[PDB]
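Quick heads-up: it's one chain on its own, the form deposited in one PDB entry, in structure tokens.
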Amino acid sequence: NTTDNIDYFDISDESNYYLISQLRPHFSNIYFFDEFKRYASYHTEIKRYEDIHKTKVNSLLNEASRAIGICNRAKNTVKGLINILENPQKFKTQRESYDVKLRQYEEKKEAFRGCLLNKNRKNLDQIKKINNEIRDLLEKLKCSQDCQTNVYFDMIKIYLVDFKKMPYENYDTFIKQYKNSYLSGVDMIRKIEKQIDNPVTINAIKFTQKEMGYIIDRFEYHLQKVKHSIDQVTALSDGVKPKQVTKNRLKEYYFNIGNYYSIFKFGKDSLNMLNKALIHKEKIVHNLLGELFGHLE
């Protein structure tokens, strides 16, 4: 009944365009930049990226991990604060109320989440800059209204092979069952907390249920986005396939399927983390529920 990893916490900025994760590469835009270096492979006019793209994105990623590493002192502050609210035995050692200690969790949690953003603010402009350098680089293609779609649909074929490698329904019925068994106990404690006069364990259960909710909606959020990614590129394969498009439409294309794939890789990374986090939180509530029903004397 102790949480050793709090990587499930995340925050997006006021743009709602940048979602910061504790897992590498912290920005889904990094995966999109990796996919563009595979786009410049097939085009002879912009093969210079393979040298200029790697030197640019690698420093953005290295600064992204540097930014999140600064908040480690604040990361451990709430990692040790939820270990007190989760464990009644560890809570019975300190000498402060549950509400007074719960406000320390909330205040220091926002400090940790807010730190992840403030340290990455100057990186938010660096992503916009590389996006521009990617768009302007595509202007060097020796086409105007005759740009070739061959490489555009080659990546579509490869992406749907990579997307079937993940079992979507395995994640879908997992969270549906865990959410059904989550609200079960939420609507349950509220109906039995008055029969058993025990405030130490039930307060710890409601808190571990509060974080269980947050982790769940983070799972359903990333689950939809990888579902939306898979459905959209599938329709691109089942849709019209012209041989020639304007140079601006091709830039729309690479940015479309490039972002579609980065959301898939970013979601699949956090979905597996949230899975291991949900089961760990559920193991805590299950055993502190057994202590509530195991001592009827």
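Superpose the two forms; the largest set of C-alphas matching within 1.5 Å is the rigid core. We number the residues from 1 along the sequence you see.
Beyond the structure shown, there is the form deposited in another entry, which is absent from this document and is the topic of what follows.
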{"property": "Sole residue of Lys176, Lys122, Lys194, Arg103 shifting 2 angstroms or more in CA between this form and the one not shown, core aligned", "result": "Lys194"}
{"property": "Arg38 C-alpha moves between this form and the one not shown by 2 Å or more, core aligned", "result": "no"}
{"property": "Rigid-core frame, C-alpha of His53, shift of 2 angstroms or more between this form and the one not shown", "result": "yes"}
{"property": "Outcome for the Cα pair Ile82, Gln195 in the other entry, compared with this form (closer or farther; change of 3 Å or more)", "result": "closer"}
